[PDB]
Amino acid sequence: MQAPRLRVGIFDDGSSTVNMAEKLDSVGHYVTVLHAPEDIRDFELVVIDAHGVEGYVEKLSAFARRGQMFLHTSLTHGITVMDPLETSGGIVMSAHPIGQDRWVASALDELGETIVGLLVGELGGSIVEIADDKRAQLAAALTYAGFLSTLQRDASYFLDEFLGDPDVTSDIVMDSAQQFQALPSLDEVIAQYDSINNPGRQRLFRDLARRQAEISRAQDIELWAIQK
């Protein structure tokens, strides 16, 4: 069994990096980038590939027909944002890729759920079950993980001021991320903090020390970190 190739009307805003128009086109669907809400009329599937889903749903409401499919790619919006489109006769869905071909998806009914699972499967993905209520914090967790890149680059530039050997510096930094080490003594943490010439790095060194101190229950270092 194979689902049909759909006439897809997509609203791309510039806010999303999901690239759903591209994804759906690559598997054989007929994708048109829509600019006016009234243009949805002749399309089987209407895609809202934008962060401001609520705003699009408000505009699309007046033109939504019975049996039309609606899909949003926002990570943070639950399926209730699409309610006006279901009540107006639509088959509402959502699908957002979170990495490693893992996706979060929603629907209001059995038909929507089956269709969104099939569309995700065609895009090489598998659905991870998450309560819509926890979506806002899933976005936070992905961003939090993403700060590893900020710290790794910043730490590499800092360490390379001493070594002047970018490849060795990167290897030391990589090893530092994968190998656990306990906090040194408070006096050592203070001496190290005092020696940092870059105010931004010095400030983050203190904040990172506080986090490790919180996690490891190193109270003296935590109390020091917060009396800034």
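Residue numbers here begin at 1 and follow the sequence given.
Looking at mean Cα B-factors across 33-41 and 66-74, the upper value is held by 33-41. Of the two segments, 87-95 and 137-145, the one listed with the higher mean B-factor is 87-95 (C-alpha atoms only). Listed residues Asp171, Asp160, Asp194, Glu58 were ranked by CA B-factor as deposited; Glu58 comes out on top. For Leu6, the recorded CA B-factor ranks within the middle third of the chain. Only modelled residues enter the ranking. Looking at the C-alpha B-factors along this chain, the one for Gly52 belongs to the highest third. Sorting the modelled residues of the chain by their CA temperature factor places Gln202 in the lowest third.
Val116: CA B factor in the lowest third of modelled residues in this chain (values from the PDB entry).
Ranked against the other modelled residues of its chain, the C-alpha B-factor of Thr80 as given in the entry falls in the highest third.
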